[PDB]
Amino acid sequence: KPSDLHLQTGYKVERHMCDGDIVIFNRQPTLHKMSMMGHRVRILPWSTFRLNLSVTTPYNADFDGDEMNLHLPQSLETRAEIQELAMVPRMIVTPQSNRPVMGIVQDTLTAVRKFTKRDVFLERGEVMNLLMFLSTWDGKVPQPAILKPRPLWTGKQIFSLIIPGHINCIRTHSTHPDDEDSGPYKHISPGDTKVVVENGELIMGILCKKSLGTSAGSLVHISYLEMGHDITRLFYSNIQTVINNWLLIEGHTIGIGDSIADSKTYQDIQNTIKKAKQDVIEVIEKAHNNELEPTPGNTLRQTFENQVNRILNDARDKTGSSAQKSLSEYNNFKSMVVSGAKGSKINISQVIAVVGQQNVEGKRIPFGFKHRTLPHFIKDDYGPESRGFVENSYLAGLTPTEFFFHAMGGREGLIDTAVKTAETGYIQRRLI
Amino acid sequence: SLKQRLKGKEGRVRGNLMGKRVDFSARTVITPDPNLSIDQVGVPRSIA
Amino acid sequence: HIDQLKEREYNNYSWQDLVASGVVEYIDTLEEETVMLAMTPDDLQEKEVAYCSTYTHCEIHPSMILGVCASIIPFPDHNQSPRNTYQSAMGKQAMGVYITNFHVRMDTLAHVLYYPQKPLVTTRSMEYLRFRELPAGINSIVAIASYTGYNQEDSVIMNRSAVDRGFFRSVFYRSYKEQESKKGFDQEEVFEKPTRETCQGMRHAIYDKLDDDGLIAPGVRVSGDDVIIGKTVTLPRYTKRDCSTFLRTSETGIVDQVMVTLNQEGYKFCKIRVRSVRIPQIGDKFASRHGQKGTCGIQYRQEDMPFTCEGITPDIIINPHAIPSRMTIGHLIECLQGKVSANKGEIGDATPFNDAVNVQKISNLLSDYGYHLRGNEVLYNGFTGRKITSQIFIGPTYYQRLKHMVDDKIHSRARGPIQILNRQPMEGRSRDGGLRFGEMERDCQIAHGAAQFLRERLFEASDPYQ
Amino acid sequence: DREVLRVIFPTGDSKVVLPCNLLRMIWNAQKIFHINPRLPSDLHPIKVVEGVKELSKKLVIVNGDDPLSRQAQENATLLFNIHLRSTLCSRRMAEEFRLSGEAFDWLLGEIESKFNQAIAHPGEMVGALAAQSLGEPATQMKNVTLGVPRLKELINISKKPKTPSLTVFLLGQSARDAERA
Amino acid sequence: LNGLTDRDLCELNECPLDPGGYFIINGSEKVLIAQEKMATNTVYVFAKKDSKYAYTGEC
Amino acid sequence: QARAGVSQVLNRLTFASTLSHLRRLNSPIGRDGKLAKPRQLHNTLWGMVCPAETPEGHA
Amino acid sequence: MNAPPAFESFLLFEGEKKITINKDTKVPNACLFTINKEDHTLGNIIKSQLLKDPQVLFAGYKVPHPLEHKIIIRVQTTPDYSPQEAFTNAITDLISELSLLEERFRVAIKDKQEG
Amino acid sequence: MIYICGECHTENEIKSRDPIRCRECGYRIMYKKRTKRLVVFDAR
Amino acid sequence: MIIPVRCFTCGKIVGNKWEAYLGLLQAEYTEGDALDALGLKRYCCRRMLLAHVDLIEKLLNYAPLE
Amino acid sequence: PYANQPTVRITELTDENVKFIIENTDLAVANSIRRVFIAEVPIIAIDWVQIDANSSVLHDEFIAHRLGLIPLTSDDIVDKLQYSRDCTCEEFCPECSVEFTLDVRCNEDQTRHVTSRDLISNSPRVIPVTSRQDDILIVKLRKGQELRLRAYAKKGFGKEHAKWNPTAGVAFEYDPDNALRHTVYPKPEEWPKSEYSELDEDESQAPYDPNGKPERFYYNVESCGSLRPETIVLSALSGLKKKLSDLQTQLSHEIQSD
Amino acid sequence: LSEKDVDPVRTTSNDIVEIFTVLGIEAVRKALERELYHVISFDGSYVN
Amino acid sequence: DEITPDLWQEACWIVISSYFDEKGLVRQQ
Amino acid sequence: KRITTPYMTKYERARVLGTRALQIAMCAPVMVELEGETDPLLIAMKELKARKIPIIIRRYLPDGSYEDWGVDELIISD
RNA sequence: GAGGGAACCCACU
Ligand SMILES: [Mg+2]
Ligand SMILES: [Zn+2]
Ligand SMILES: [Zn+2]
Ligand SMILES: [Zn+2]
């Protein structure tokens, strides 16, 4: 009835949660204090909790089915406590490791590695489209790095517009040569691998996880230390929006052609595998004819195991080095690795060249039968194939014994996760 | 017994005083949104 | 023996005749530790150093070491092993057609895909799992690309125009059982259409959709606050009180079937199947057959999705970063083989240990059909029409719609039911319960220093008392 | 200060953890005040000496004028004052950093404000912060045991460690040849 | 349903692809999960650790 | 004082789940055990037990 | 459950203005045109047509959120010209373009059908 | 009301408290009629 | 279960082609030639008919309740 | 006035597709024309289903969805048909909708293929496309199974639902020899040539054109049958022009209001 | 430590209890810090 | 006569098909 | 005689802003001039920036004593 | 304008 719809001063109206409301947002397990952060509510027309991507790192969250919790503060004191204490920009830098917890992740990261390369030139329409997504832009289009024959801006100019204030930061790209700083081209980088930002302008260098990630001294860390939490929040948002809209033009993929190597590279990998298997057979013959000298502090079987594992690790390392050396600049595995977004050189090595030795409890594949790993081998076979060295790549496909030994290896990691969660949680509870 | 009521992580103290069910809480699946700022969460209209 | 087995239903030659012939024999684990197995007959027909000249047995096929759920994985030897484990987990959560007689059955939870397809890239072991007859999934044009940033961190972009055409549309069936019970001489539950001035303690809902037998009829739309079975129990002016069966909250749908029968002890027993159509949504879980789980992050229409020069838009766009740390190369090979299979008009073979199938052979077969040999295509931006500078890996890949919809998980509570003993909020979305602000959350809010928020959560949003 | 440093850090590891990034703020002053490093500066070295003296006076962790308070304040800011006098040396400020007078005054003000922003706030629940800061990396974790079992053997004071061991160091010529070792 | 053809199973509203192998208890389909155990009548000799026994044979 | 979960409600979400649940083996070692050896993929599981199909988590 | 109606991508509700013009105070002669219930179609053609006008110093559009149906077109012109005038002239040029294309497509269809 | 017998496909009138048995073939499993209420489907 | 009316990717009509495709396969065509005779050029339309499982035929083997 | 002067070259005109070339226009204009092809060309499709009897093995929403995906002939009638949101009727009328009825009972031992031929319209200008190829299979019935339904088809475009998308495949291309380097091939020799390529077999890619812009655009608009493909293109140009005219009217009103 | 030509300054154990019983409470505080730092920084991880 | 390696894949999947035609998949239960 | 820090801590800032916002929401007199905004948090923060919040923070020492600091007496550095 | 608990199992992050 309308007589019950009258409002007096001092009444409370339990109104619906609306845009701009402050909430606490949480993902279990709540391990550190940045797994519960304050967020501003924006209503969006579907049934999920939409989350910013940089925020997925302090929550240890992804979107493979994660469910998260949202607590609404009910009073003005709790709302102001969350607003002045627990907001995401205030939680950018942690006291745990005096470094940021959230950085630039995966597509913003891959395309900021691709965007700040030297040969990236944007036309007038592309620059205007990118500046549409710069929320801190002052409205002045910068003078292009190239005026003739055609006006072209570089990606470093646009990211200089993204970089806030007058940040001064020196970093290195992940592919920076070790001998470059001692050479004649230290301050003029031939590979654009020394990042220098001066007066908030990206003067040189390709940005990556070492510059835009969650490391100490990184660009977002300097932005937090010099400009505070709000300007750094705008920095994160502007990096994500501008880079994600340039990636519509540029694009990034992964294909089966990124898993292929050259024929010369395949020949080199097969030669390295053949030579290492011959070396393992030679060590086996030395141990069998009692010509193997034990090393100090170890017995004969463990010195044999150390020698065999040294040979096979050298094989895996050399085949992997040949695999990365085969990779072109257009390779997308290499793009995601040198951007620091996803994967490692070990992953490229396993996809392209050699999966490697399978290990259970830190040793090779045990003799679960009578002196045999599988009934397809002879007894007392200590060679690489018998004891779990996978000489194939993921592109080539595994042999059935290699498939079973790889399953034995991966079951170890699954077990380690499942049985380490409880002891780690008990340790956290006792520490608290 | 009363001791079983009080003890354990499901007991009175750990399961009802150190931690407890709360009102004004919501839970659902998370999806990405590159168009939200880092201090901003997209919320369904039914939850709100 | 092979010639006799080619006419199994003519010669009456069977597997048991092959056992009786002394050709195959059953070896257990203790005997297998004394046998000498050739992996293939190529180990037998080997030259001067065969690595063994005393083989006693031969594997029939090595890919038979997998189970039911691992035998649907295409190219399992091109994947990391935990990803094969994750697919073996998620193939049991994939919605297809679980059984043929699902219309007869009233299961409590049932899930039926509209258009389940057999995979374009199958294994031969799948011929005996009846996956060709009861498949769980759809071959989807999947482009592995970073598009608008909405597929990041294990997410997919779906084609809204595809979804409008029935792509991965499913049906949820829920059955509700109720029965009259004579729990004592005076107590008599009965299926009646209740009356407001006669029944005690109704739940303020509508009862007009019930027929006068107390049961709702098939074909009637129902919502979360609706009565589907009207059962009244006699109270020993309100001679009877309401114990009607209610529909589960926020589960809108249509009554598919109502069945009335007698139980073991001869009382009336009603089972009601309610049908709800689940259109794919943001937050619904989808998985390929390689451990590539992920929720739908956004849905774009056909004019917004990137397109090839033939006008093909992907049905699903997945992030490239889902691949490198996972090393699910069998996903890429399945996509390439599916492009070849759909162009050639054949079902690609992805039996694990098969030397007849190679990435180079599939690449040459794909290049024979006017496509780039590595499966890349020149895609154009849907929004602007400009060519994407990179060339996008795109082709048919078998995807599965997992049981985990967001609408079965979304839950909010403002205030509501509380437990009797501790007077705290209830358990789960099914009881309109609250979320647990556990001990770890308490520690986190201690470390934040937010003492008033800690007091709000642990005192006056849970159980104030004086 | 150098002798005190070599007592404190006997391994020669110069990487320390300190509140105010002095080199970055000197670079900030250079960029803000348009410092030309190829021109002579107008900054007197005695201005550097006296400014660092007053700045170190006004960077207070332990309040009080009693000798116990003065000793505690000197101890609490010993590393930062050593690094401040090392970085804002008058020789380095004249020939390496080349800062002007106004740039140096802004540098002193910025160092003071950044140090006062770094002091721990009363009310900080640093025990819960420490317990979460040593348990969160635990989620991501000679036959010497390491990792979670060693962390358990540490925080639970175990009378029976899994791999107990010594690291025995030798004196004189005994450490230099393998036969007497 | 033993010995019935697929047409007879469809006339009984049963799925011919349904494997069987389960029970119907109060209308609910129940499967018996196979249970691993140590083999009987076999001598197994182990080495008990941190105990008074150096070795132990078990049958 | 009796073993539980020997009889389970048969999974009927997919035909593959039905087949997998009908061919399911169980080690009756408690899932609170933090030793790895019964959970390890033994060499003797070749051709007998699927090396890929195991649950995630405590089991 | 939270699914929006499919007509909400292109239908203005009651009280919803189609296009709103706001002066951009950062730089002179700049305006933001918020067009409701439109998408990349009109935004892209209008932005590219404004890029052809030599008196336009800036032209861009954005969809602020793909789950909402809203275009923001920022137009900056020379001081002797107006962003509203530029936007109107861009729409007029696009309309004349499409009229000419329509009649030439009709002529080409007639020519192809007659032989 | 009218219930279809599960086996014999025939419609049968059943009152309240009447045991659910088909008068033709004695089958105990019977199903309700599809409703006469008017239900609209969008063709989407 | 039944052939979709539209191709999911592009929306070409494939619902009028399943019986024609089965008749072509019965007429000793290969699957690729049968798909080519029906005008399914794009592989998105070819996966509609190539991968279709017509479960409605086996559903029609059950006696109807209604 | 800085309008383009685009030219049209039809290269193929069948009853299913139109292949044509647009020269001397911008890439945004071409892409917007393609987007209006897919999304904003109105046709008539079934949007309202009332099922009276459904004894089939397929449930009612399934049948309704399949009926909605059936294309209906919309040539010259969708132009004069009103949107139901813009119509003065209460629920439905011939000025904004077309009534369809289906009444199929299977009484024979042969499986009855209920197809789009069984959709009986009250308007002869709006019929199923396959009822002017086989007919689109709606459902299959066995003996004793029945399907009676009444449907209403209304105007709409593909931005709302993909059942109103009139095109099967809009093939769109520009710069087939990659002179503009809008895509960058890691190995240009690995890439098959376009249908519209003007290169020799020894050459894999055109020389770079720094002064070039996207100026020539190739279309293959394939129709699903609701409209003729040339009617799709003409209606798309008309719809884009009408969107621009309505936006200009609202813009002029907004300018005069301030 | 008592042995000849063994450094009585730098020689240390990894046993916390015997370091406490031999060298005292501040020494076992430093040993505890060193061993915790070793456990943390084995992975290259840094905690303040 | 011995099965040639070019016929071996077809032969081994024939004998596997025979095994699953007889035993099925739930033969142990 | 006051030994505690002259800076307002983050917890002091949070609680003073929340308490002043609740008082303004309970119709306390606004100590500053407000330019037509409604939210009590915004009024509380512009009162804190103007250093006109009429609240005294009582800081307790571990010995049991306390120091009373005006909000206008502390330095709002964060 | 809201009347059970318990046990077990499966699953999810
Ligand atoms: Mg996750
Ligand atoms: Zn009967
Ligand atoms: Zn298609
Ligand atoms: Zn009308």
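Throughout, a chain's letter reflects where its sequence line sits, starting with A, and its residues are numbered from 1. Keep in mind that the numbers below use all heavy atoms, side chains included, and drop hydrogens, waters and symmetry copies.
Screening residues 196-205 of chain C for side chain to side chain donor-acceptor pair (under 3.5 Å), with sequence neighbours left out, gives C/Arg196-C/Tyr238. A salt bridge (charged side-chain N to carboxylate O under 4.0 Å, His left out) check over residues 8-20 of chain F, counting only residues at least two apart or in different chains, returns the pairs E/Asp18-F/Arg12, E/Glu29-F/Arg12. Among residues at least two apart or in separate chains, salt bridge (charged side-chain N to carboxylate O under 4.0 Å, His left out) pairs with a member in residues 7-16 of chain B are B/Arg14-C/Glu439.
A search for side chain to side chain contact (heavy atoms under 4.5 Å, CB included) contacts involving A/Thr57 returns A/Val105, not counting sequence neighbours. With sequence neighbours left out, D/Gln140 forms a side-chain hydrogen bond (donor to acceptor under 3.5 Å, both in side chains) with no residue at all. With sequence neighbours excluded, no residue forms a salt bridge (charged side-chain N to carboxylate O under 4.0 Å, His left out) with C/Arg429. Checked against side chain to side chain contact (heavy atoms under 4.5 Å, CB included), C/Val112 has the following partners two or more places apart in sequence or in another chain: C/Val97, C/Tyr98, C/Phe102, C/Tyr173, I/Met1. For A/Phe49, the ring-ring contact (aromatic ring centres under 6.0 Å, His included) partners at least two apart in sequence or on another chain are A/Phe25. Applying the side chain to side chain contact (heavy atoms under 4.5 Å, CB included) test to F/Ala59 and every residue at least two apart in sequence or in another chain returns F/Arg31, F/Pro55.
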Every protein N/O lying under 3.5 Å from an N/O of nucleotides 5-7 of chain N:
none

Tabulated below should be each protein N or O lying under 3.5 Å from an N or O of nucleotides 9-13 of chain N; please produce it.
unit_1, atom_1, unit_2, atom_2, d
N/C9, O3', F/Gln8, NE2, 3.3
N/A11, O3', C/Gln93, NE2, 2.9
N/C12, OP1, C/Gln93, NE2, 2.7
N/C12, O3', C/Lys285, NZ, 3.2
N/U13, OP1, C/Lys285, NZ, 2.4
N/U13, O3', A/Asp66, OD1, 2.9
N/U13, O2', A/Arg27, NH2, 3.0
N/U13, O2', A/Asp66, OD1, 3.1

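Side chains of C/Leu109 and F/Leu13 form no contact here, defined as non-hydrogen atoms less than 4.5 Å apart.
Among the protein residues, C/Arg241 comes within range of the nucleic acid bases, having at least one heavy atom under 4.0 Å from a base atom.
Contacts with RNA chain N (heavy atom under 4.0 Å) in residues 192-204 of chain C: C/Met202, C/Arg203, C/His204, listed by number.
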